[PDB]
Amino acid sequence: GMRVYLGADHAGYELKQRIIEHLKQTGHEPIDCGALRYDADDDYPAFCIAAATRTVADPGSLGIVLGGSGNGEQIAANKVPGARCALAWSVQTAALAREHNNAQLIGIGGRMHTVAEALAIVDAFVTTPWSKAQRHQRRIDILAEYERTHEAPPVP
């Protein structure tokens, strides 16, 4: 049972609703950060930042951000200090986001997948463990340090 913060704009809104239901039915705890209704002109960054901020503030939780293409949503989420947001476009990439990047969040482009495909991605994301492998941790650490100082690490 994972806690999962969900954020979506209008383009991800109906998929977000289906994912909430799916997560409830599969033993997890979805928390809706908005949008709480369909507003055709609404702007994804607020909801992505909301979901990412909550996820980083609640260590051990996960987050999913949803819009049309997934890319703006993950870009926005990655601007939150400490957040690592992968773009999940397949079951394999959702799994690797957890296993290699210890990604707390994924973005999913609601316009790029059928509901069934999207729910399979969600499943992979919420069930795949972080490997804790030394090299993966080292790379996350290097990034975390860069976030702290904004000093670009040297290239060999």
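The numbering used is simple: start at 1 and walk along the sequence shown.
J.: Out of 31 to 39 and 110 to 118, which one has CA B-factors that are higher on average in the deposited record?
T.: Of 110 to 118 and 31 to 39, the stretch with the higher C-alpha B-factor average is 110 to 118.
J.: Using only the Cα atoms and their B-factors as the entry lists them, report which of 22 to 30 and 51 to 59 averages higher.
T.: If you average the C-alpha B-factors of 22 to 30 and of 51 to 59, the larger mean comes out for 22 to 30.
J.: Relative to the other modelled residues in the chain, which third contains the C-alpha temperature factor of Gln104: lowest, middle or highest?
T.: Answer is lowest: the recorded C-alpha B-factor places it there.
J.: State the tercile, meaning the lowest, middle or highest third, of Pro45 with respect to the CA B-factors recorded for its chain.
T.: It belongs to the lowest third of the chain when residues are ordered by C-alpha B-factor.
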